[PDB]
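Take a look at the structure below.
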Amino acid sequence: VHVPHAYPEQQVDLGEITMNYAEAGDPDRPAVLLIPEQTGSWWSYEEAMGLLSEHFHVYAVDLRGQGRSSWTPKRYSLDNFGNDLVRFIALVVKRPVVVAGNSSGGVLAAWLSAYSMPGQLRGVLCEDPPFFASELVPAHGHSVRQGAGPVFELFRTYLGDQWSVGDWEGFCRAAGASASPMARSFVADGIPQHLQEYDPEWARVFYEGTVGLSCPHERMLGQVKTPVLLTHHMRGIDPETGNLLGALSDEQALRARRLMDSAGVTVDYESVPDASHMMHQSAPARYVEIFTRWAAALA
Amino acid sequence: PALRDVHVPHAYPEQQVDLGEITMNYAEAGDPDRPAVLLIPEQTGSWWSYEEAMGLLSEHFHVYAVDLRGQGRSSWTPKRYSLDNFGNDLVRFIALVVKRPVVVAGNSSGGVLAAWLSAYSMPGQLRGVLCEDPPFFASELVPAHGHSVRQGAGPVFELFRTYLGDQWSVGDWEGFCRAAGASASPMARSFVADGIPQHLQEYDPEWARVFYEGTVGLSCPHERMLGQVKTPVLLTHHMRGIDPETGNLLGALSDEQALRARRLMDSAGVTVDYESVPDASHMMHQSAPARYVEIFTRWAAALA
Amino acid sequence: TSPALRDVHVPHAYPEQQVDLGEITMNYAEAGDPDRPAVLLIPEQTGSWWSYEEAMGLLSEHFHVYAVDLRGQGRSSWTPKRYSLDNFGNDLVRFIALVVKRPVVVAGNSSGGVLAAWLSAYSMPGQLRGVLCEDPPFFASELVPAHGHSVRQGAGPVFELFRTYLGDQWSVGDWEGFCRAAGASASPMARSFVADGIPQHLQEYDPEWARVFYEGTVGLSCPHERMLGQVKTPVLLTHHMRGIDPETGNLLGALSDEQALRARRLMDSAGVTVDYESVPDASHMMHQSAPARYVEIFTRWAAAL
Amino acid sequence: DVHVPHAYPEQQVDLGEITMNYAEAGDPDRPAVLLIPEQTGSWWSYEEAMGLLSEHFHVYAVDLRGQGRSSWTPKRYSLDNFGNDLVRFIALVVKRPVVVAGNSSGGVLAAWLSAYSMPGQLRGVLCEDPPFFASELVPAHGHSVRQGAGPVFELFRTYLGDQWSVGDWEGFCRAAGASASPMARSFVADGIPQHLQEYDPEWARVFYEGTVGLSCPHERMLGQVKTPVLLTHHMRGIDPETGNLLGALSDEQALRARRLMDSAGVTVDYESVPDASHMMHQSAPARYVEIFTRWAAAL
């Protein structure tokens, strides 16, 4: 299923799983780790990796259940993703890292900041993170069922765990009829390449609230141990449904920022209301600029 | 309280009816020829929660006020507390005792059960329902609109579950008061008292468990309940607000949740009458009985 | 003509009618002289009222027989998000109060046999003379039973296949995918359902049924321990084929010998008369595979009542 | 607040989210061994055995999170989190291949490490009377936890409570003496045992509610082991009055565990000691140490 890409691909044995990834930049430059969004593979960062390879040693990784990394039925949880990335940092990077993650990847960047092995990290970028919005029963704001829940429901029903169903036509019919604008956005004639590399059990665990069941966001956010850059992209409310448009509300962002303040770290909050969910794709230069500014200030 | 030897006297005499699984305790007032009314109390509330309002309404109505299962002298039923079990209990009560079409008034939890009846009773049993400060969507763990119970009254339910326990099996009122006095929830700070209130002595705290854990209405989502109401609905909306410190709701339901609930009930095609009294306490039938009875009597007069 | 469209019902030997119970419409068939003792037949899961067709005939010569489609089945209402033991049971309570209007002898198969017991414990007073539980999955249909194997070691495999490949209200409807998955399954029951076309009874079936059993929500507020321990009418429990799949250890049949033992002990503690008829040579749906045997068993029992 | 003197000095190490307390015996000349206690069991559960083992092994006995002097972590008690804790401990303290040995819940974590640790971390594992499948809420084979140890877990959750928030030992004893579960009755005592004073009862909650193993089904674990295994099966039977399990796991559950582990391609040794207590390393130290040493020398 796997198509050619700009950078050569490598695979590492993290124990339970094998992780696919891709390197860029001069080795001696500072290390950067790029975590894709859900339904996103490492080559989600390609453009940005280019821009970033000028100054950093860039690693971009396929999480488990994505890309060419291992698919693990019944094993998708926040802690398993996070310890995957911890083992990657220790076995492959072998140096302190600045982590950047988009959406679910941003959630795992915060997870690393709070729960990585000591001194594994210098700072994390959380790019449009669904703090509390990706939870089934958050401590603040809307649940996943009022956010991206609908999209996940469609993935679970019509694609199935490990593409066991694979009813793409049914998926497009129901998605086009969804009141969720994001749901109606995922419609296409053929299956996008990124979804072909995606295990839809990801959707199941987010929709059903099991992925973070033992990793509540308030404790994560209250236990961060590194500087955090939080970018906050398009956001809004669908008047017809009340549902959250975007990754997280202003209220949820404020609560997350104040929890991270209680953890005693320094937070750079950059509201970019006009940016798309995946700014590293829609506007690679703007994203690399923000990241580089914040990164220079560390250590 | 766990021995259930706490019954005390009241203004009206008390009757009991076998409904099948449970026995329901209840009180009755007014001329039996008058239009029938069914009063459903709030959680932790017994029938006598309506005593005062029964004394006014009785002058114009045949009033029945009930103890739901797990409250008062009605049966306590471990592992059996769901919205459908409460509702079908009330259906059987209407069929076996009232034997007339009723107008139903419910407060908080009862108001939700009132809407339940409006949607799910046997045909013809109801002429209309009053939902008094109902936690529409705010009592669900995963509501379709707005904020979950965990961001509302879930803190107090958690205290009840941990420190009082199913059927008062723990009964650590000292630990409960200690934790309640230190809660960010003001509603929890309300319950702190030197002695256990009579209404809490008659209350089975497994109630609190099933609401806090999301099991009580798991098979009865509020979106569909409200989208299938079948009688005129009178929804009163009392004090609501936001604790600036927590972002957790104060009061029964948020403005957004009231809005979406009204939209659902209108899609059901019923006449919805929204009466907003932001200065009113949660149990207006107890704190301002005259005002409550006036509102109810005016709306009920227009029913038929 | 699609199971999702609910336009697949076919003619049958007995007249059908629908009653408004308030949330749902319940479809039902009637047979026999309306003055003879009343009887209520509850089908099995994926079973419609005409699951009893043949038995109805034999029984209608001595009983006024009602046979019902439960919600989520046949021509009764399909109610998304509303499928639970208590809702099924209260539908049947309503049906007895509104249609039969006389005390009834209830007989239910499998899931229906679990609802017969439900009624015996939780119905309105005086509604029932006795109940016949035909191969009921006591404890084996629960996700976390007090005794014996869970539904995941019983019928769960086939329920998972229904949920995944048919979907709520036939929203997925991938019959060929279901057949491929079922034929490769290690559950013999699951393999049984493979067929060239979709069987008629399954066309009338809301597979959300399967979901609520597979996920353990259908009986969450109705633990079988409490139900069985609060029966208030005489109960006849028939126990058909049962065994253990050696490759898996999973239950073959409706319930295990141990689970039937514990259920009988519970019911005996309730103070009711309990009859136990172990018929190890009988299929799960004895009322279909051996109608005359079934009617003999039922007739003796009901005449004692 | 309650820790008392023991036969060995205690050490602590920061694993990144938690602080793990532990004790050490024997010499670095000798091969590394990692002892994992049972639930409610602290490191000193192994004290006597440690002595014997220190004759020929460098021994590490650990406090798991929520036990002893290790960090208490509310809402974070999952098998994956315990397991990644022990992976971190092996990586940061032992820094050597280790022969792991765990008892009861500890045996389950030993299996977890065999299947899911970082590559090359382990040489083999001894699962001592492990509750394979019988500690799960919905096991793929045999009794569930609710027909096993679940009754005592429910008593712990209702009367001791999260982080000893309730602490009603009188009520615990009243309920335990009236328990139909004989193990529940075995926990009745005048005062609170020292091992239970260092124990966080949220442990009991997450086993009773089935959250701890939700994302770690035992069938996948056992089918993906990667080291030689030694499984010891102690006392087991059935309570006639309830049908409930006596012991860690049934004969059927042991049979299925072994079939899975053998399907994984490892060397599985099965040692049935039907007359042994649950904590044989405590009740018969020399017997336990003989069995362990006899097996570990083959590695």
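Chains as they are written, first to last, in the numbering used here: chain A, 1267 to 1565; chain B, 3 to 306; chain C, 56 to 360; chain D, 1126 to 1424.
The beta carbon of each residue, even a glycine, is placed where N, CA and C say it ideally should be.
Give the secondary structure of residue i by DSSP, where H, G and I count as helix, E and B as strand, and everything else as coil.
i: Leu1234 of chain D; result: helix
i: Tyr1324 of chain D; result: strand
i: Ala1423 of chain D; result: coil
i: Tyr1325 of chain A; result: strand
i: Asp323 of chain C; result: helix
i: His1543 of chain A; result: coil
i: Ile244 of chain B; result: strand
i: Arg137 of chain C; result: coil
i: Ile1457 of chain A; result: coil
i: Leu98 of chain B; result: helix
i: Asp1139 of chain D; result: strand
i: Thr288 of chain C; result: coil
i: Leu1402 of chain A; result: coil
i: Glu1253 of chain D; result: strand
i: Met1285 of chain A; result: strand
If you draw a straight line from the alpha carbon of residue i to that of residue j, how long is it in whole angstroms?
i: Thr1336 of chain D; j: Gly1306 of chain A; result: 28 angstroms
i: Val350 of chain C; j: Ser226 of chain C; result: 38 angstroms
i: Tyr107 of chain C; j: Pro98 of chain C; result: 7 angstroms
i: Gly1316 of chain D; j: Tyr1284 of chain D; result: 14 angstroms
i: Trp1377 of chain A; j: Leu307 of chain C; result: 45 angstroms
i: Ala1240 of chain D; j: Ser1340 of chain D; result: 14 angstroms
i: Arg1345 of chain D; j: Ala1382 of chain D; result: 10 angstroms
i: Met26 of chain B; j: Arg211 of chain B; result: 21 angstroms
i: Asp206 of chain B; j: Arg6 of chain B; result: 10 angstroms
i: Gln1136 of chain D; j: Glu1149 of chain D; result: 8 angstroms
i: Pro3 of chain B; j: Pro1482 of chain A; result: 36 angstroms
i: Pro1353 of chain D; j: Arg1213 of chain D; result: 21 angstroms
Can you find a CB in chain C that lies within less than 8 angstroms of the CB of residue i?
i: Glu208 of chain B; result: no
i: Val1350 of chain D; result: no
i: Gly108 of chain B; result: no
Could one say the Cβ of residue i lies closer than 8 angstroms to chain B's Cβ atoms, at least one of them?
i: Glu1517 of chain A; result: yes
i: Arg1411 of chain A; result: yes
i: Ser166 of chain C; result: no
i: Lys136 of chain C; result: yes
i: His1406 of chain A; result: yes
For residue i, decide whether its Cβ has a neighbour in chain A, counting only Cβ atoms nearer than 8 angstroms.
i: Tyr260 of chain C; result: no
i: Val199 of chain C; result: no
i: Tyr1147 of chain D; result: no
i: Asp1205 of chain D; result: yes
Taking 7 angstroms as the cut-off, is the beta-carbon of residue i closer than that to any non-hydrogen atom of the ligand MN?
i: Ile42 of chain B; result: The model on display carries no ligand, and the ligand MN is accordingly not part of it.
On the premise that residue j lies in contact with residue i, defined as a C-beta separation below 8 angstroms, what is that separation, rounded to the nearest angstrom?
i: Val1391 of chain D; j: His1358 of chain D; result: The pair is not a contact, with the Cβ atoms about 18 angstroms apart (cut-off 8 angstroms).
i: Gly163 of chain C; j: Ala152 of chain C; result: Actually they do not touch by this definition, with Cβ atoms about 18 angstroms apart.
i: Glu1463 of chain A; j: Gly1333 of chain A; result: 5 angstroms
i: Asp1254 of chain D; j: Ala1373 of chain D; result: 4 angstroms
Looking at the C-beta of residue i, does it have a partner C-beta in chain D at a distance below 8 angstroms?
i: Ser51 of chain B; result: no
* To do: Please list the residues of the region 1333 to 1348 of chain D that have a C-beta atom closer than 7 angstroms to any C-beta atom in chain C, keeping them in chain order.
  => none
* What residues in the region 169 to 186 of chain C bring their beta carbon closer than 9 angstroms to a beta carbon of chain B? -> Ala176, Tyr177, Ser178, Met179, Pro180 and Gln182
* To do: Anything in the region 260 to 271 of chain B with a Cβ closer than 7 angstroms to a Cβ of chain A? List those residues in chain order, please.
  => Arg262
* Asked: When Cβ atoms are compared, which residues of the region 1328 to 1339 of chain A fall closer than 9 angstroms to chain D?
  -> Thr1338 and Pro1339
* To do: With 7 angstroms as the limit, tell me which residues of the region 1359 to 1378 of chain D have their beta carbon closer than that to any beta carbon of chain C; keep them in chain order.
  => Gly1368 and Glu1377
* Please name the residues in the region 1283 to 1295 of chain D whose beta-carbon is closer than 9 angstroms to at least one beta-carbon of chain B, in chain order. => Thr1283, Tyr1284, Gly1286, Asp1287, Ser1290, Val1291, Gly1292 and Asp1293
* Looking at chain D, which residues of the region 1352 to 1366 of chain A have a Cβ within less than 9 angstroms of any of its Cβ atoms? -> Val1352, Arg1353, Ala1356 and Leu1357
* **Short-range partners of chain A found in the region 1131 to 1144 of chain D, where Cβ spacing is below 8 angstroms** => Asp1139, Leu1140, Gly1141 and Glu1142
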